[PDB]
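Asker: I have a structure here, written as structure tokens, and I will follow up with some questions on it.
A short reminder: the numbers here are calculations on the coordinates, not readings from a lab. Counting neighbours? That spans all protein chains shown, and the Cβs are built from the backbone with ideal geometry, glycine included.
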Amino acid sequence: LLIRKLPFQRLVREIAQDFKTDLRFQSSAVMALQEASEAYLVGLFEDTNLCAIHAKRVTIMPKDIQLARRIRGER
Amino acid sequence: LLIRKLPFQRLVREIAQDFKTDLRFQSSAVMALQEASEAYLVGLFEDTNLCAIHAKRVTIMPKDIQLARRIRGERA
Amino acid sequence: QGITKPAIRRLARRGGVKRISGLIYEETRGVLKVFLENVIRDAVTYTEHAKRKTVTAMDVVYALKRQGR
Amino acid sequence: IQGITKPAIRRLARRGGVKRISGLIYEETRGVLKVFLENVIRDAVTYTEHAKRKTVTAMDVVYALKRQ
Amino acid sequence: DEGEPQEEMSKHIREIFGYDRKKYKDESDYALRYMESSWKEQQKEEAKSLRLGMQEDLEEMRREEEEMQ
Amino acid sequence: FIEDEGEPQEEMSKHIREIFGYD
């Protein structure tokens with residue numbers, strides 16, 4: 001709904017060929033992708049906020065972010 | 001190794017009877033349980049520091065704790 | 001380049017950030033990347049297992065039992 | 001009960017690289033630990049109620065442990 | 001029985017992540033506007049970020065002598 | 001014909017330490 005649906009679609013074909021010469025997309029697949037991402041990001045933004053606020057701030061920053069991830073346990 | 005091994009062989013048997021009342025617990029089974037516990041908490045006491053420090057403090061507090069979990073997704 | 005910069009503020013917003021700094025904008029896409037390149041490298045195989053040509057939707061769903069927390 | 005104690009705890013924290021502590025920590029720690037266990041054991045319970053074991057084994061623990 | 005049609009993809013997703021129409025229909029644009037704040041109101045709330053974190057240690061250091069003695 | 005180089009005993013807590021990863 002909420003992420004731009006054209007430049008979301010450009011970056012996709014970009015990396016699929018970045019490692020796998022042939023392949024393509026059944027597209028019903030990719031529908032989810034804007035959908036999962038949008039949520040994933042929001043799913044991150046409550047968390048990244050939490051920091052921002054635990055850092056006793058209110059304008060959020062890079063620091064908070066990188067942080068929440070290394071905690072979720074990805075980087 | 002790091003906490004004297006009498007409880008939670010006491011505190012364990014407590015909740016162990018709290019679930020499936022007469023489940024008993026085998027020798028060496030519960031052995032394992034403490035080993036995970038320590039690594040987990042050490043695993044968390046390193047993290048909870050990180051909270052403190054992003055907050056630019058040092059004596060860690062409940063703040064940092066509860067926080068670390070809601071982020072791990074452990075709430076609560 | 002390559003996502004929609006005001007679209008993301010909306011995201012932050014939907015996520016409840018109350019103010020942001022400009023630095024945010026890059027880290028973001030960048031993070032998005034790492035989220036992605038994972039799940040697909042997981043999703044690909046879910047079609048190599050079925051030896052499919054083009055990637056179906058159901059296999060992403062499988063690829064998805066990842067960060068779900 | 002949660003009759004486990006603070007020096008065990010400081011020892012723990014520093015190994016975690018904790019440099020300093022607050023007193024509040026100490027109870028909080030017990031309380032959360034609780035949650036850890038009674039989680040995992042209710043989970044480890046099953047692998048042995050599933051395998052119909054009388055007294056609970058160690059191997060089923062790691063399983064309860066493969067999980068977050 | 002029930003209904004309806006799909007979108008049961010797109011609606012099983014949003015489930016894994018807890019997303020919501022939690023104000024999906026009130027999206028006027030503040031975000032578009034003052035969402036961001038300058039490097040100033042950044043360095044500045046980076047300052048209060050400090051002098052605070054300091055004394056939290058201390059009403060736990062000064063409340064760390066009534067409660068060990 | 002050596003070696004599948006390996007020794008330890010209750011290194012079923014070697015495995016423990018490593019799903020939490022430490023040291």
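Asker: So which of A:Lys5/C:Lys53; B:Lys56/D:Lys19; A:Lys20/C:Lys51; C:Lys53/E:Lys11; C:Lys18/E:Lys40 end up more than 21 Å apart by C-alpha?
Answerer: Checking Cα-Cα distances, A:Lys5/C:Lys53; C:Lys53/E:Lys11 exceed 21 Å.
Asker: How far is helix C:5-14 tilted, in degrees, relative to the longest principal axis of the Cα atoms in chain C, given as a value from 0 to 90 rounded to the nearest 10?
Answerer: 90
Asker: Another question, if that's okay. Could you tell me which of A:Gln34, D:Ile25, D:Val45 has its Cα farthest along the dipole of the protein assembly as shown towards the positive end, charges placed at Cβ (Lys, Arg +1; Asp, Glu -1), taken about the Cα centre?
Answerer: Selected residue: A:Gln34.
Asker: How about region B:6-44: which GluC sites (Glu not before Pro) there are in a DSSP loop, with at most 16 other Cβ atoms within 10 Å of their Cβ? Before the final figure, lay out each step's value.
Answerer: Working: sites: B:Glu14, B:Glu35, B:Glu38; in loops: none.
Those that pass, being in a loop and sparsely packed, number zero.
Asker: Oh, and also: What does the average come to when, for each residue of peptide A:46-52, you count the partner chain Cβ atoms lying within 10 Å of its Cβ?
Answerer: 6
Asker: What are the chymotrypsin sites (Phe, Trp or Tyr not before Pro) within chain E that DSSP puts in a loop, where the Cβ has at most 13 other Cβ atoms within 10 Å? Display every interim value, and only then the final one.
Answerer: Values: sites: E:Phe17, E:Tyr19, E:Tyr24, E:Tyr30, E:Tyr34, E:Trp39; in loops: E:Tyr19, E:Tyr24, E:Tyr30, E:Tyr34, E:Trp39.
The qualifying sites are E:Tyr24, E:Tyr30, E:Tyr34, E:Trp39.
Asker: In a shell of Cβ-Cβ distance under 9 Å around D:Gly23, excluding D:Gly23 itself, what net charge do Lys and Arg (+1) and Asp and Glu (-1) give? List each step's numbers first, then the result.
Answerer: Details: positive: D:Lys6, E:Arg63; negative: D:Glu27, E:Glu60, E:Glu64, E:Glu67.
Computed value for this residue: -2.
Asker: If you don't mind, there's one more thing I want to ask. Could you size up the charge dipole of region A:7-72 around its Cα centre, putting +1 on the beta carbon of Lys and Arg and -1 on that of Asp and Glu, and report it in debye to the nearest 20? Walk me through the intermediate numbers first.
Answerer: Numbers: 10 positive and 8 negative charges, 56 e Å.
I would put it at about 260 debye.
Asker: Within 10 Å of each Cβ in peptide C:52-61, how many partner chain Cβ atoms are there on average? Round it to a whole number, please.
Answerer: Working: counts 2, 4, 7, 9, 5, 10, 4, 2, 10, 7.
Average per residue, whole number: 6.
Asker: If amide hydrogens are placed 1.01 Å from N in the peptide plane, which non-local residues have theirs closer than 5 Å to the one on D:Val56?
Answerer: B:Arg24, B:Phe25, B:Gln26
Asker: Given H placed 1.01 Å from N in the peptide plane, which residues other than close sequence neighbours of D:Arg20 have an amide H under 5 Å from its amide H?
Answerer: For D:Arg20, whose amide H was placed from the backbone, the distant partners under 5 Å are B:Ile60.
Asker: Still on this structure: Where nothing but the Cβ of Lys and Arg (+1) and of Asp and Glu (-1) is charged, how large is the charge dipole of the protein assembly as shown around its Cα centre, in debye to the nearest 20? List each step's numbers first, then the result.
Answerer: On the way: 72 positive and 60 negative charges, 198 e Å.
Its charge dipole is roughly 960 debye.
Asker: Another question about this same structure. Report the label-to-label distance for D:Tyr26 and D:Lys54 in nanometres (one decimal), using points 7 Å from each Cα along the Cα→Cβ vector.
Answerer: 4.2
Asker: D:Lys52: which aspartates and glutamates have alpha carbons under 16 Å from its alpha carbon, excluding same-chain residues fewer than 8 sequence positions away?
Answerer: Qualifying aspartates and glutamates at Cα under 16 Å: B:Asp22, D:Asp43, D:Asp60.
Asker: Then there's this: Hey, with R₀ at 35 Å, roughly what FRET efficiency would C:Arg41 and A:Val58 work out to, going by the Cβ-Cβ distance, to 0.05?
Answerer: 0.40
Asker: How about chain D: which trypsin sites (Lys or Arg not before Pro) there lie in a loop by DSSP and see at most 10 other Cβ atoms within 10 Å? Walk me through the numbers before you get to the answer.
Answerer: Numbers: sites: D:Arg10, D:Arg11, D:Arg14, D:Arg15, D:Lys19, D:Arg20, D:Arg30, D:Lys34, D:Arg42, D:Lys52, D:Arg53, D:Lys54, D:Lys66, D:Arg67; in loops: D:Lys19, D:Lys52, D:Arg53, D:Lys54, D:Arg67.
Loop-located and lightly packed - D:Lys52, D:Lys54, D:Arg67.
Asker: A follow-up question, please. Distance between Cα centroids, region C:28-58 to region B:24-59: provide it in whole Å.
Answerer: For region C:28-58 versus region B:24-59, the Cα centre distance is 34 Å.
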